[PDB]
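generate a structure from the sequence data that follows.
(chains A and B)
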Amino acid sequence: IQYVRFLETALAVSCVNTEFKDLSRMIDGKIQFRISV
Amino acid sequence: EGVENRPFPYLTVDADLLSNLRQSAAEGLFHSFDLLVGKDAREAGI
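Residues are numbered from 1 along each chain as shown, chains lettered A, B, ... in the order given. Pasting the structure now:
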């Protein structure tokens, strides 16, 4: 058995991992960008 | 679309998002987007 964590590896440099302890309740996520050109 | 146009405290980051932007939105890379030209570029009313 190789005890490997998602943080112990190098793939997490691509993903900012934040622990949300209630994710079954989120129906949907959203984010708004406003680019002024 | 699903875009909300209500005003917001738009947090300002320093990354230049707009590398080949208007060609991308006229091609529709984004799922859902709103082109606001001129008078509608303000904060809408509460």
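
tally of neighbours for the closest residue to residue A:20 other than its chain neighbours?
The shortest distance from residue A:20 to any non-neighbouring residue, by Cβ to Cβ, 6 or more residues apart in numbering or on different chains, is to residue A:26 (7.6 Å). In short, each C-beta sits where N, CA and C put it, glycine included. Number of residues near residue A:26 (other Cβ atoms under 10 Å in any protein chain shown) recorded here: 8.

please report how far residue A:26 lies from chain B.
Residue A:26 is 16 Å from chain B, where distance means Cβ to the nearest Cβ, to the nearest Å.

which helix or strand contains residue B:16?
For residue B:16, there is no enclosing helix or strand under DSSP states H and E.

tally of neighbours for it?
By other Cβ under 10 Å, the residues close to residue B:16 number 8.

separation between it and residue A:24?
Note on residue B:16: its distance to residue A:24, by Cβ to Cβ, to the nearest Å, is 37 Å.

nearest spatial neighbour of the spatially most central residue of chain B, chain-adjacent residues omitted?
By Cα atoms, centre = their mean, chain B has its centre lying nearest to residue B:34, at 5.8 Å. The spatial neighbour of residue B:34 that comes closest, neighbours along the chain excluded (Cβ to Cβ, 6+ apart), is residue B:3 at 4.7 Å.
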